[PDB]
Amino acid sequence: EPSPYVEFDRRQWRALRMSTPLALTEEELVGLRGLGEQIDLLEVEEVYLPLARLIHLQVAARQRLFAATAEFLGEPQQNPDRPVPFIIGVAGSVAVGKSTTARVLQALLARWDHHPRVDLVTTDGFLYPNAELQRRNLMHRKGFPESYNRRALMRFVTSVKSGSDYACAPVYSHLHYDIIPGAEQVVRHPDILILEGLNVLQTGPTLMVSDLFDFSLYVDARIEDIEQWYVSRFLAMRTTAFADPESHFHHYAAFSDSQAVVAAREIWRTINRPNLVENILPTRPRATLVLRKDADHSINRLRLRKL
C-alpha cells in the first residue's frame, strides 16, 4: 500500500553517505556530546553524513522555490548569499538527545564548502519567565505548549527567514531554572538556522514555526527507554549539574539512589510523559526524518518522508 514515507535500517541508510567527507574529530565530538549520549564517530559517519548530504541537496532545491515566487512577483533576482535562510527543526521528548543531534548537525553543516553560517536556537529561551509561569499557574508545565511565548517565538523565526539583518531570542538558564535577565542571543542572517525544542513541530489555528521549516528531524525512542534515560540522567546529575550550590535542583544532590529514582519517576509521570504523549508524539508524523534510537541510544532505524 503506497506511503508518504520510506523506512531504512542503519545498513541501508549508511550506503547513502556516498562521497560525503567526515570533517569532525573524536575530540570535537566530545564537546558536542550531551550527558548520557553515546554518539561516536562511527554513528556520525553512518547516520549523520547521509543526513547532511540530503540536507545539502535540499538547500539548493529549496532555493528554486523561493526564487520561483520571487520571479512571479517580478522582484529582483535575489542576493547571491543573503539567500532565504534554510530553517531546520529538531523535535523530540526531553532526555532523548535533541541537544546532541542538533549540535552535531550544526557542526557538520558548518564544515561544508564555502563555510555557511549555521546558527542553533533552542526554544527554552522562549519559555515564559518563572514569575509569568507562576502567574499562569504553569510552573509544573515547563515544556508544554502553553508555557512558551509562542508569538515571540514565531516572531523571531519569521524575522530570520524573512531576511532580517539581526534577530534576538531570550536566553534560558538551566542553572537558575529561569530566563536570564538581559541576556539575548543575536542571530544575523544565517544561511541555516536550526530550531531545537520539544514542540517545534506543532501545528495550530495560527501559522507556527513548523510552517516555516524547510526540513525537520524528530529524535525518537520507546517511551520506556526514554524514561530510563531520564531517570538515569537525573541520578547522574547529582554530582554534575545539581552539585552546584546555585542549582534549583541542589537539594536533590543528597538524595540516595532510590530516593532520586522516586523523584525522577514522579517528575516524568506528572510532567514529561504527559507532554510527550499529548503534544510531542502527535507531531512526529509530519517530521521530514525520524531518527529511531534503541535502548542503548543507538540510532538503528530511520523513517524519511518522500512525500
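C-alpha atoms forming the largest set that superposes within 1.5 Å between two forms make up the rigid core. Numbering starts at 1 and follows the sequence shown.
The higher RMS C-alpha distance to the shown form in 8 other deposited structures of this protein, out of 101-109 and 79-87, belongs to 79-87, with every structure fitted on the core. Of 44-52 and 244-252, the stretch whose C-alpha atoms sit farther from the shown form in 8 other deposited structures of this protein, after fitting on the rigid core, is 244-252.
Between 268-276 and 49-57, the higher mean Cα B-factor belongs to 49-57. A summary of the deposited B-factors shows that, of 236-244 and 36-44, the stretch with the larger mean C-alpha value is 36-44.
When the C-alpha B-factors of 122, 158, 79, 93 are read from the PDB record, the largest value belongs to 79. Residue-level temperature factors show residue 293 in the middle third of its chain, judged at the C-alpha atom. Placement of the Cα temperature factor of residue 281 within the chain: lowest third of the modelled residues, per the deposited record. Ranked within its chain, residue 219 lands in the lowest third, by CA B factor from the PDB record. Sort the chain's modelled residues by C-alpha temperature factor and residue 225 lands in the middle third, per the entry.
Per-chain ranking of the deposited C-alpha B factor places residue 142 in the lowest third.
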